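**Q** Keeping their order, the protein sequence lines are chains U and Z. FYI, the numbering for the first sequence is 1962 to 1976, 1995 to 2092, going by the UniProt record's numbering. FYI, the numbering for the second sequence is 1 to 108, 111 to 166, 223 to 436, 461 to 650, going by the UniProt record's numbering. Note that CB positions come from ideal geometry on N, CA and C, so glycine has one too. Just passing along the structure, written as structure tokens.
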Amino acid sequence: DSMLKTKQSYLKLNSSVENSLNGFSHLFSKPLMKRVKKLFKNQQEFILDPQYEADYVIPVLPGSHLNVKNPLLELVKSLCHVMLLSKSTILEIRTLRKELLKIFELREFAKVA
Amino acid sequence: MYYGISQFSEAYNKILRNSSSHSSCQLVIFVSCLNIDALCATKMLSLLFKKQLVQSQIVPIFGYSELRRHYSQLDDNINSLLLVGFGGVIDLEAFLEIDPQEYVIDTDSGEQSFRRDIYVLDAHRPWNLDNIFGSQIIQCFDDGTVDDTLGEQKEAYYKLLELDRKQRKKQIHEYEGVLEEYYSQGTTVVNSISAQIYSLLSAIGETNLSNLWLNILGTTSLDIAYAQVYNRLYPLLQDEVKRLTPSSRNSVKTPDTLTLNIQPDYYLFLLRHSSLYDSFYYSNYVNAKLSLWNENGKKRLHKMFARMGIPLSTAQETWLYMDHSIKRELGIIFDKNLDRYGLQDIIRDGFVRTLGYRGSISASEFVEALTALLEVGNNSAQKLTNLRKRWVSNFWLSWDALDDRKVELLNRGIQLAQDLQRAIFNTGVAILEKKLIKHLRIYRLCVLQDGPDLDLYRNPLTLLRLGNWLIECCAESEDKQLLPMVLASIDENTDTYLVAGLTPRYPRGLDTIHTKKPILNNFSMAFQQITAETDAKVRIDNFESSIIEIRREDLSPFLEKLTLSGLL
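Shown next as structure tokens:
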């Protein structure tokens, strides 16, 4: 939805190196960071306590070949990857990924990240 | 009480009757490695049983899991078990799955006999009341605390034991409260096992200069973290040295004379085996009193040396080759120019042993060499066992260092001690410069995440050495209030931490009313309670209760729950 809104705004203003999407992350960057902080605190509270392991469990699928230690980190990795798919907005998404990884105290270029 | 001071000879005679058979080896001594006091106590026992030709086996055990595994492997023929340095704070019959009905023979006639006797021998004060009071197989070598300071606990335990209306229930809760307040107490140390076994030897009459030296080593092993215990036990050693030294004093030195002496032994670091400058620089106490970790400390040290009139070239010279003019005036110079810097506590009296022509050595230096030999002498659940194997192996290096014929090993231990103190100093200045110690209102956390030589700190002894360095530094800072400290060190190969909850202590040489009351390490109960719930792959097996191995990812939630835990 944020990408659609940014494309509509660019089309309205006017009517790859740089396309219609250049600030779509700015729409949801702060809510995403706050949500990730809240989820990290919730995980730190409930990661070890039982009755919650039914939720913090990595599913087993035929293609599964990765050992996951921080499922929230896997979620943010997937979100950052699907955001990094775009070639035009590489830099503004790398900054967002760095800010997200600062929550986990992980370096931007860490192998696990 | 189970075995008082006056009836150690009874335990020794019972051991002799039960297992002094030349046919086989029915005596097994379980010794806790990474404990100099237990090492000296087991050396005493080895010599004593060598005199009486009692066949015995000495097993170094690192953790409670190894103890349980060995006991499961233990044959039923062995009818005498010695646990040195551990076992006094846990339900050993429950831990080892012991039921007295399967170990009892000839029940009749008001007497009972058992087919195996376990003699626990340690100094940690939280005696398990089911061991000191409610078990006949487990026999505890008490030091007089239970017969004098556990009357109320004795009554509370016995009333609950015998009793299995409103007044009865109220009184049971009152008594059970007495038992509960006895628990929830930090684990301290009141005595030295070496002194206890030397008392037993005095009862038997086997005391000699070698046994006295082992006693001095075991006692001096306690001077760094339990200085009140060392000061309590020092007069006894001082009297024994006078008693045992031959009357032929002031005689000429011969290649055979062994001399225990009480002479000024300054509280420096390996003074006789390193330069004077390096003795001050790497001393824990001098560092605390001068803050040598920062840049200005080295300038203060140089200024002190200039003030005493000792040139830096002479100060940095090896102690053997220091000019006899300066070396013979150390007492006067230290008297004149030490109270200025607050290092008056450096001057001290210690025990120095010279073996013929081999040069002097003090007990303080000897225990540092032994500790160094213990520490660095030589997917996740397997490499850790390899570390345990190496740690057990180092016990025998430290054991062989005691023999007078292996001085070439004691010198290697001295070199390793200097290297380890250098590494500890480097890591300490790295921690205090980056301000890694996060001050809290419960405990000053400090986690080692990256750096050089971080593989040294997976050993509990080296981690405790670094912790003692930090605690000595913090204790002399008036602004910093007393607070427990936590050290962790990530093991990259096993992806596991080594959390070592420490305890604060008052400045050395400061004797007050609150100083008299010892500080109790509350981390054991906190760790066990946190691990009982919220399964986190914690490995609580060390005889040192306040040390655990925790997964890299589970460390932060563990510390969060510990912050939420008000036990400590």
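(1) Would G146/Z pass as a contact of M1/Z if the rule is Cβ separation under 9 Å?
(2) Which residues of chain Z have a Cβ atom closer than 7 Å to the Cβ of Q2023/U, listed in chain order?
(3) State the DSSP-derived secondary structure class of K520/Z, mapped to helix, strand or coil.
(4) Is it a yes or a no for the stretch 569 to 579 of chain Z touching the stretch 522 to 534 of chain Z, going by three-plus beta-carbon pairs under 8 Å?
(5) Going by Cα to Cα distance, which pick from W481/Z, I105/Z and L67/Z is closest to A41/Z?
(6) Would the beta-carbon of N624/Z fall within 9 Å of that of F135/Z?
(7) According to the neighbour-count rule (16 or more other Cβ atoms, all chains shown, within 10 Å of its Cβ), is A430/Z buried or exposed?
(8) For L498/Z, collect the residues of the same chain with a Cβ closer than 7 Å to its Cβ; drop the 5 residues on either side in sequence, then sort them by chain order.
(9) Of all the CB atoms in chain U, is at least one closer than 9 Å to the CB of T645/Z?
(10) So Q141/Z is in the beta strand (DSSP E); what residue range does that whole segment cover?
(11) How is the alpha helix (DSSP H) around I134/Z delimited, first residue to last?
(12) Note down, in chain order, every chain U residue with its Cβ under 8 Å from the Cβ of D617/Z.
(13) Quick check: what's the CA-CA separation for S23/Z versus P589/Z?
(14) Among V425/Z, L48/Z, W551/Z and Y325/Z, which residue has its Cα nearest to the Cα of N493/Z?
(15) Along the chain, where does the alpha helix (DSSP H) that runs through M1964/U open and close?
(16) Identify every run of the alpha helix (DSSP H) within the stretch 305 to 392 of chain Z, keeping only runs that are complete inside it and at least 4 residues long; order them along the chain.
(17) What's the C-alpha gap between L2051/U and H2044/U?
(18) Over what stretch of residues does the beta strand (DSSP E) that includes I632/Z continue unbroken?
(19) Output, in chain order, the set of chain Z residues within a Cβ distance shorter than 7 Å of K2048/U.
(20) What beta strand (DSSP E) runs, 3 residues minimum, are completely inside the stretch 510 to 570 of chain Z?
(21) Check whether the stretch 315 to 335 of chain Z touches the stretch 402 to 422 of chain Z, counting contact only when three or more Cβ pairs, one atom from each stretch, lie closer than 8 Å.
(22) Report the option in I405/Z, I419/Z, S462/Z and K465/Z whose CA atom is closest to the CA atom of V489/Z.
(23) So does the stretch 46 to 54 of chain Z actually touch the stretch 255 to 275 of chain Z, counting three or more Cβ pairs closer than 8 Å?
(24) Here's a check: name, in chain order, each residue in its chain whose Cβ is nearer than 8 Å to the Cβ of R365/Z, leaving out the five neighbours to either side.
(25) Tell me where the beta strand (DSSP E) around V474/Z begins and ends.
(26) Alpha carbon to alpha carbon, what distance is there between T576/Z and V620/Z?
(27) Looking at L565/Z and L522/Z, is the spacing between their C-beta atoms short of 9 Å?
(28) Measure from the alpha carbon of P600/Z to the alpha carbon of each residue in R127/Z, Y159/Z, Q57/Z and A373/Z, then state which is nearest.
(29) If we ignore side chains and look at the alpha-carbon of each, how far apart do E353/Z and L359/Z end up?
(30) Can you check DSSP and say which residues form a bridge with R621/Z?
(31) Would you kindly check if the distance between the Cβ of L96/Z and the Cβ of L123/Z is under 9 Å?
(32) Tell me the rounded alpha-carbon separation between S2004/U and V1996/U.
(33) By the 10 Å Cβ neighbour count, where 16 or more other Cβ atoms means buried, how is residue 452/Z classified, buried or exposed?
(34) In chain order, what residues of the same chain have a beta carbon less than 8 Å from the beta carbon of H70/Z, not counting five sequence neighbours either side?
(35) When every heavy atom of the ligand ADP is checked, does at least one fall within less than 8 Å of the C-beta of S242/Z?
(36) Mind checking whether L162/Z and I120/Z have CB atoms under 9 Å apart?
**A** Reading it off the structure:
(1) Yes; because the gap between Cβ atoms is below 9 Å, this pair is in contact.
(2) Under the 7 Å cutoff, chain Z gives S638, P639 and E642.
(3) It is a strand residue.
(4) Between the stretch 569 to 579 of chain Z and the stretch 522 to 534 of chain Z there are three or more C-beta pairs closer than 8 Å, enough to call the two in contact.
(5) For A41/Z, the nearest C-alpha among the options comes from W481/Z.
(6) No; because the gap between Cβ atoms is not below 9 Å, this pair is not in contact.
(7) Within 10 angstroms of the beta-carbon of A430/Z lie 16 or more other beta-carbons, which makes it buried.
(8) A430, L431 and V434, listed in sequence order.
(9) Contact of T645/Z with chain U is not assigned, every C-beta pair being separated by 9 Å or more.
(10) Secondary structure note for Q141/Z: its beta strand (DSSP E) is the uninterrupted segment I140 to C142.
(11) Per DSSP, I134/Z belongs to the alpha helix (DSSP H) from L131 to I134.
(12) Result: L2027 and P2029.
(13) Using only the alpha carbons, I get a separation of about 55 Å.
(14) Out of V425/Z, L48/Z, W551/Z and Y325/Z, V425/Z has the C-alpha closest to the C-alpha of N493/Z.
(15) Here the alpha helix (DSSP H) through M1964/U covers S1963 to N1975.
(16) With a minimum length of 4 residues, the continuous alpha helix (DSSP H) runs that stay inside the stretch 305 to 392 of chain Z are 334 to 339, 342 to 348, 353 to 366, 370 to 373 and 382 to 385.
(17) Spanning the alpha carbons of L2051/U and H2044/U requires a straight line of approximately 18 Å.
(18) For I632/Z, the uninterrupted beta strand (DSSP E) segment begins and ends at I630 to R633.
(19) Ordered by position in chain Z, the residues that pass the 7 Å Cβ test against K2048/U are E635.
(20) List check, beta strand (DSSP E) in window: 526 to 530.
(21) Pairwise C-beta distances place the stretch 315 to 335 of chain Z in contact with the stretch 402 to 422 of chain Z, as three or more of them are shorter than 8 Å.
(22) Ranking the options by Cα distance to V489/Z, first place goes to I419/Z.
(23) The answer is yes - the stretch 255 to 275 of chain Z touches the stretch 46 to 54 of chain Z, with three or more Cβ pairs under 8 Å.
(24) Within the same chain, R365/Z has close Cβ partners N395 and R398.
(25) For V474/Z, no beta strand (DSSP E) segment is defined; the enclosing uninterrupted segment is the alpha helix (DSSP H) at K465 to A483.
(26) Cα to Cα, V620/Z sits roughly 13 Å from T576/Z.
(27) If you check the CB distance, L522/Z and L565/Z come in under 9 Å.
(28) Of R127/Z, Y159/Z, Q57/Z and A373/Z, the residue nearest in Cα terms is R127/Z.
(29) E353/Z and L359/Z: Cα-Cα distance of roughly 11 Å.
(30) Looking at the DSSP assignment, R621/Z forms a beta bridge with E631/Z.
(31) The answer is no: Cβ separation not under 9 Å.
(32) In this structure, the alpha-carbon of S2004/U lies about 17 Å from that of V1996/U.
(33) Chain Z lacks the residues between 436 and 461, and residue 452/Z is one of those with no coordinates.
(34) Only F30, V59 and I61 meet the Cβ criterion.
(35) No copy of the ligand ADP occurs in the structure displayed, which carries no ligand at all.
(36) Judged by their CB atoms, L162/Z and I120/Z are not nearer to each other than the 9 Å cut-off.
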